[PDB]
Undergrad: 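Take this structure, written in structure tokens, and hold onto it; I'll ask about it next.
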6 protein chains.
Amino acid sequence: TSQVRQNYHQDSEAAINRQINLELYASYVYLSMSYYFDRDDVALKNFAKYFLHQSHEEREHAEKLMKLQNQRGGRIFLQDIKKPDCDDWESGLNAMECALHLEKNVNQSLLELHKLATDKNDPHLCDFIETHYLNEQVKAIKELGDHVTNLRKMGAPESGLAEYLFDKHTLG
Amino acid sequence: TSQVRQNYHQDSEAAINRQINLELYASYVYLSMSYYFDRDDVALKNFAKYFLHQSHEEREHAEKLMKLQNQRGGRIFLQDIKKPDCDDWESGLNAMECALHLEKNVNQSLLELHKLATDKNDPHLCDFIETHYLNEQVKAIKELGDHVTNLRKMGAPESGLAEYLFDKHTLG
Amino acid sequence: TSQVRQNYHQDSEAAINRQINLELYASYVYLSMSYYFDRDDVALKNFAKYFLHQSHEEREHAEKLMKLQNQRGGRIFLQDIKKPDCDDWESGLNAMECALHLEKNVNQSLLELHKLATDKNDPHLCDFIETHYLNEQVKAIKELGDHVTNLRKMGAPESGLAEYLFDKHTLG
Amino acid sequence: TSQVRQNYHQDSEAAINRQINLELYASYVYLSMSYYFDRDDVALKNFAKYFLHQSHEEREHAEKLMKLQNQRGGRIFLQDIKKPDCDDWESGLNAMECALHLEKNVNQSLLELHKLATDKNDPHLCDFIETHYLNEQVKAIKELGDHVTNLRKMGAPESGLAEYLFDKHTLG
Amino acid sequence: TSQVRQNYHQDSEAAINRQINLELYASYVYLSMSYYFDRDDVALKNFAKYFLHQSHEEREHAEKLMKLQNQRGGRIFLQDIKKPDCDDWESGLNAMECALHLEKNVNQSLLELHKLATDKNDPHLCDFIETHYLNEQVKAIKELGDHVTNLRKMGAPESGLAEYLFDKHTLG
Amino acid sequence: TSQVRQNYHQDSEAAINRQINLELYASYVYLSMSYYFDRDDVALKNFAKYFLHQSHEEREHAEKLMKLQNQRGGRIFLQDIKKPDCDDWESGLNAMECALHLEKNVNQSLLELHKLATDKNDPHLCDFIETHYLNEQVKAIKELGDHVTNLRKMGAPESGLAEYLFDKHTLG
Ligand code: NA
Ligand code: NA
Ligand code: NA
Ligand code: NA
Ligand code: NA
Ligand code: NA
Ligand code: NA
Ligand code: NA
Ligand code: NA
Ligand code: NA
Ligand code: NA
Ligand code: NA
Ligand code: NA
Ligand code: NA
Ligand code: NA
Ligand code: NA
Ligand code: NA
Ligand code: NA
Ligand SMILES: [Zn+2]
Ligand SMILES: [Zn+2]
Ligand SMILES: [Zn+2]
Ligand SMILES: [Zn+2]
Ligand SMILES: [Zn+2]
Ligand SMILES: [Zn+2]
Ligand SMILES: [Zn+2]
Ligand SMILES: [Zn+2]
Ligand SMILES: [Zn+2]
Ligand SMILES: [Zn+2]
Ligand SMILES: [Zn+2]
Ligand SMILES: [Zn+2]
Ligand SMILES: [Zn+2]
Ligand SMILES: [Zn+2]
Ligand SMILES: [Zn+2]
Ligand SMILES: [Zn+2]
Ligand SMILES: [Zn+2]
Ligand SMILES: [Zn+2]
Ligand SMILES: [Zn+2]
Ligand SMILES: [Zn+2]
Ligand SMILES: [Zn+2]
Ligand SMILES: [Zn+2]
Ligand SMILES: [Zn+2]
Ligand SMILES: [Zn+2]
Ligand SMILES: [Zn+2]
Ligand SMILES: [Zn+2]
Ligand SMILES: [Zn+2]
Ligand SMILES: [Zn+2]
Ligand SMILES: [Zn+2]
Ligand SMILES: [Zn+2]
Ligand SMILES: [Zn+2]
Ligand SMILES: [Zn+2]
Ligand SMILES: [Zn+2]
Ligand SMILES: [Zn+2]
Ligand SMILES: [Zn+2]
Ligand SMILES: [Zn+2]
Ligand SMILES: [Zn+2]
Ligand SMILES: [Zn+2]
Ligand SMILES: [Zn+2]
Ligand SMILES: [Zn+2]
Ligand SMILES: [Zn+2]
Ligand SMILES: [Zn+2]
Ligand SMILES: [Zn+2]
Ligand SMILES: [Zn+2]
Ligand SMILES: [Zn+2]
Ligand SMILES: [Zn+2]
Ligand SMILES: [Zn+2]
Ligand SMILES: [Zn+2]
Ligand SMILES: [Zn+2]
Ligand SMILES: [Zn+2]
Ligand SMILES: [Zn+2]
Ligand SMILES: [Zn+2]
Ligand SMILES: [Zn+2]
């Protein structure tokens, strides 16, 4: 037992390790998306920048979870970071839709984590999740939904002009 | 075939994808090391900072390789990032020794990549490797060797005082 | 023999004179393109600016090659600069495609020059080419490929609106 | 017919295309002279700088003529830029004498152009020539004549000391 | 074996030790030249300054080679620094000619070193030489050739006025 | 005889040439020591910096002696700079002890030089030595003695921790 451990359940520790892996996976997915939009036959630089920023933010989230694990006296156990489900993301709209789905999956995992923390009477972990993750997820999901709405209304993905102008005026 | 591709061999493209995976793996190893030194029962904050900086640098190297792949008209294919070989790195000296071994492995891969680029008459790729990777690897290996030498001479890992003072005076 | 000449093969000297002519020719092609887009019945000012900048850059490349020739003790022999293959470049997309083809031709000449320098064991010339020309060519080719991709996706050349908006938002 | 064309004779358009070629040729001659003085066995850096500046100025004159052609609704037709009559310019004094002869030839062409514009009742073209070319030519010819006079009086080309000191004190 | 040594051939290590000695020797030669021009019966202060600067630059080159030797895990073995071949350098022109010969000898040694590094498949050493030594040697040789040309054309060494004015206007 | 020579004995001139060689030799010894401490298996960066600074100071002393030789109308005659007696200096303490011995040898040579100048009634040379060398030697010897004392009291060379902490706190 760690000398700092107090009111930290082994189930919570395991769930935090799983969340660390999920955040690293999301970072990897966003990295793949960014460099898809960096291809010469796609060439949407602001889509690339947007998804690279998301990748770095997901890495920061994972590192905050590892810091939490150490603060509470749990032990970090890392697992393989699985490759993203796609090599080719097919369009700005498709990438935004996949990102929306990914963020909702991460949010579901965070909500299950909060439910576990509540069931284990761990208010510090509950507040950690609330303060650093839940509203960030809600804001990200709302922004991605807005982006999907606008791309669809402008006529993406069929309209390369739509994706070009969205890249310039919303993401630039 | 990509409209930008010129004098870029499929073997070189494959080798670059392998190097991308290796750099991401090295980033993951350094991340694990950093948060090992963040544990309450290790508590060497400057070891943690040193290895976190290395992790971020390895990520930047991987992203530079992906950018190169797109610049030359190759296609990025990502693979799983395997978990590090250790969860517990046992000491500052042991972590520095493992980092030295890892950097020499990465350097060997880069040298094989340069040999392939030379054999394929790809001077742009040769110079890319020389400019951005080879001397960085040599400098990193020399620095890690210096750190290992100093820790051993001060009496690590048996001397917790040795690791404490090295953390303060060399890494701080 | 020049008092400064050392390890400089006559074949390399001839190849450098040929490269000087090729760079001057590329400068002339870009000049023609720029002032095509300055016509009242074309009127794409940022296409004109882009190609004029390319023309001046090609002139600078030619002058750097002449400076190299003198540094190594070779002798500059200038030839006629042939007129560009077109007087009318037909569209922004067509001009970008022709520029991509031209840059790939120049890159091929530079790669043959590097192969000659390698065969003659002239590492100074090899590094001169690597440092000042090869990555510039790769970057130019990637940028032109990106431009061609975006123009095609926006609907050029049939879409005068596509070329207008590309002129404003990418080249402006 | 161009929508902007007004009071612009086809003879004037042809003469302007010829002048564009002549200015580009003069630029090329000055480029050759500059890098002759950059040779290790000539080594007069301020002669080299002087003639390189002249080369760039001639390019600017050519581009101003192309801009004029488009402003008036004429169409630019480029021709080969012939190589300079010399590879070796033999001395600072000889190069200055050749430059004087070249500038007087360009001035003669400009005066014939002005006579044509007057005969065609094209006051805009007349004033364009007067404003941007005629006094520039007179000033250049006077300066080159001054340089030739001083070099001859100092004892060039027989006096390498004369050319050295002129390079330092007049052109530096 | 050094813990940092990787892909570093014993032949390359020996060649680097020889190059260190050669650079120190060149530094000594330039020191001798500088203080020859500091003599009361020579009294060319800017020749003295020029050669002293060259001496210090050669020392810096030697120290960079020693740093490289340690970076790669080789071991420095110093040898005697032989005295320069002359005590009296006879004139500014003669000293410049001897310096040109010395720089071409150093360049030949560096080119042989690069050939050895290429034969041993040591791209880090190849790029080290290319980046830090080859173009510096080419530039130094071109500058010395220019100086020799100008001194000869001004009438050195017979013209003490020639050497005086060169000292003032080129080296001052 | 030099036109500036006055009250300058040939014995003094010879002794000054010998002192020039001795100072250059001391510079070389300190250079060797510095790069010994730059080795990956020694890795004491502030020892390396200290001895490199000493090497540069010894070079400056040698150049001041050559300047003196020319000021007095003597003639500089350079000799080989012998290699240092050691390639491996074994420890910070051993290097400091060798440096102390070297500085006392140089001081003895300077004192013999002053005795010669006194015997030859050369007060300018006497004061030159007093002003620029004697107290510098005394200060250097006292500082090296202090360093040796502290290293011995801290437990060097057996205590790698002693040398590490001395490197950090006294030489850093
Ligand atoms: Na767990
Ligand atoms: Na689990
Ligand atoms: Na915490
Ligand atoms: Na591949
Ligand atoms: Na592979
Ligand atoms: Na690239
Ligand atoms: Na030739
Ligand atoms: Na040819
Ligand atoms: Na050069
Ligand atoms: Na015409
Ligand atoms: Na005509
Ligand atoms: Na106009
Ligand atoms: Na050796
Ligand atoms: Na040897
Ligand atoms: Na190195
Ligand atoms: Na003597
Ligand atoms: Na003697
Ligand atoms: Na004096
Ligand atoms: Zn514990
Ligand atoms: Zn659980
Ligand atoms: Zn691409
Ligand atoms: Zn792109
Ligand atoms: Zn964009
Ligand atoms: Zn997240
Ligand atoms: Zn998988
Ligand atoms: Zn696709
Ligand atoms: Zn709350
Ligand atoms: Zn493609
Ligand atoms: Zn391969
Ligand atoms: Zn902990
Ligand atoms: Zn801690
Ligand atoms: Zn700390
Ligand atoms: Zn790396
Ligand atoms: Zn695994
Ligand atoms: Zn442990
Ligand atoms: Zn010549
Ligand atoms: Zn050839
Ligand atoms: Zn027009
Ligand atoms: Zn227009
Ligand atoms: Zn515009
Ligand atoms: Zn070019
Ligand atoms: Zn033609
Ligand atoms: Zn048209
Ligand atoms: Zn718009
Ligand atoms: Zn028209
Ligand atoms: Zn006409
Ligand atoms: Zn030359
Ligand atoms: Zn020159
Ligand atoms: Zn000059
Ligand atoms: Zn003109
Ligand atoms: Zn011709
Ligand atoms: Zn000539
Ligand atoms: Zn060793
Ligand atoms: Zn060898
Ligand atoms: Zn004197
Ligand atoms: Zn003097
Ligand atoms: Zn002077
Ligand atoms: Zn050198
Ligand atoms: Zn000797
Ligand atoms: Zn003499
Ligand atoms: Zn290179
Ligand atoms: Zn004068
Ligand atoms: Zn004398
Ligand atoms: Zn004596
Ligand atoms: Zn070493
Ligand atoms: Zn070291
Ligand atoms: Zn240190
Ligand atoms: Zn001294
Ligand atoms: Zn010896
Ligand atoms: Zn040792
Ligand atoms: Zn006194």
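Heavy-atom basis, side chains included; hydrogens, waters and symmetry copies ignored. The chains referred to below are lettered A, B, ... by the order of the sequence lines, with proteins before strands, and numbering in each begins at 1. We count ligands from 1, going down the list as the structure has it; atoms in each ligand are counted the same way.
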Undergrad: Please find the N/O/S atom of C/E58 nearest to the Zn ion (ligand 41) and write down its name.
TA: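 The Zn ion (ligand 41) is closest to the C/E58 atom OE1, counting only N, O or S.
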Undergrad: Can you confirm whether or not the ring centre of C/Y133 sits under 6.0 Å from the ring centre of C/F128?
TA: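 Centroid separation for C/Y133 and C/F128: below 6.0 Å.
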Undergrad: For B/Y30 together with B/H53, are the ring centres under 6.0 Å from each other?
TA: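 When the ring centroids of B/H53 and B/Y30 are compared, they turn out to be at least 6.0 Å apart.
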Undergrad: Less than 4.0 Å between a side-chain N and a carboxylate O, is that true for C/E63 and C/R59?
TA: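 Result for this pair is yes, salt bridge flagged.
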Undergrad: Relative to the Zn ion (ligand 41), which of the N, O or S atoms in C/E23 is the closest?
TA: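 The closest N, O or S atom of C/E23 to the Zn ion (ligand 41) is OE1.
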Undergrad: Determine, for C/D146 against C/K142, whether the closest basic-nitrogen to carboxylate-oxygen distance falls under 4.0 angstrom.
TA: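 Salt bridge: yes.
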Undergrad: Checking one value in my table: which N/O/S atom of B/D88 lies closest to the Zn ion (ligand 35)?
TA: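 Distance check against the Zn ion (ligand 35) picks out OD2 in B/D88.
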